[PDB]
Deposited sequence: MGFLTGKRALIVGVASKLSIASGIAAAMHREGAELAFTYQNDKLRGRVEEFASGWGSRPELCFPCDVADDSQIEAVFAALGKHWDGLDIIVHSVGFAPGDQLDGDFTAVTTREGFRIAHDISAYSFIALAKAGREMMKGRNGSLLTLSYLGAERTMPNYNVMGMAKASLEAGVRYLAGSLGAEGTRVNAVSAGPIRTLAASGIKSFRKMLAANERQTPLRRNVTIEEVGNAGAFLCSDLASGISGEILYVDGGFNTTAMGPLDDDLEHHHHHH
């Protein structure tokens, strides 16, 4: 593939319906050696399952709870023992306590929900870039992450999560800003949604939802040297929805 020879870490594979899971799949098709992290022992089995069919193996799977600094550093110590270097890190972690994500925004949003949603979904990505700066030394690789339109504009019940996404995408630009002198490109892919999920379909220009695959392909490219003049981008894979108003 066009990603042959590169070696990527992949954070937050939790399912195969996931958006993470479309990316890993397309990233193997394109020739990448992969690794995976799983948040907890519950999901440890199914990550390793998926991993094995994605060109990877149980021994390239590590426990990581991105709320923890050490555990992230631990991931980069152990992985660093199978590969002489890392090229790509992928970030697919979206988490805010549900009571923040259903009701009147102003009403339900608590300080602690704000703290968490931001920590898990925004800064984890800076820590990942931090905790792996060394292993991406002189690889000219890249970092990726996932965002949503709700960081640029408002929608029902997405609520405080749009504040996290807005910060992430900022964090993306500042990451591009600093990490780039050593040749790291930081980018993010903003995907469309995967009754009213059909009111989306008929305003989205392509009259259809994007597939976890198309986001994979698009997130694959952004990590390949096909995308090597491209940094600080937020790429929208949403059938063109954001370009609509009425």
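When the deposited sequence is numbered from 1, the segments without any C-alpha atom are 1, 196-207, 260-273.
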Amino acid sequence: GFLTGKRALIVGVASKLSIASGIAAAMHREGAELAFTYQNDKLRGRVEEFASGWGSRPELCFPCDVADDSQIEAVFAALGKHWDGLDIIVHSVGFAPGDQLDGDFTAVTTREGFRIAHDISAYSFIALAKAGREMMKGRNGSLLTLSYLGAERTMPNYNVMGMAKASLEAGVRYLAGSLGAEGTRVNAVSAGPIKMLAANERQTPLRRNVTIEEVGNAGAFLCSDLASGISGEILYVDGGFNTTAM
From here on, numbers count along this sequence of modelled residues.
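The stretch 49-57 shows the higher mean C-alpha B-factor when 49-57 is compared against 184-192 in the entry. Relative to one another, 75-83 and 115-123 have unequal mean CA B-factors, and 75-83 is the one with the higher figure. Across 210, 67, 199, 220, the greatest Cα temperature factor reported in the deposited entry is at 199.
The maximum CA B-factor among the listed residues 132, 171, 150, 103, taken from the PDB record, is found at 103. The PDB entry assigns residue 108 a C-alpha temperature factor belonging to the middle third of its chain's modelled residues. Compared with the other modelled residues of the chain, the Cα B-factor recorded for residue 63 ranks in the middle third. When all modelled residues of the chain are sorted by CA temperature factor, residue 97 is found within the highest third.
Sort the chain's modelled residues by C-alpha temperature factor and residue 178 lands in the lowest third, per the entry.
Per the deposited record, the Cα B-factor of residue 11 falls in the middle third when ranked against the other modelled residues of its chain.
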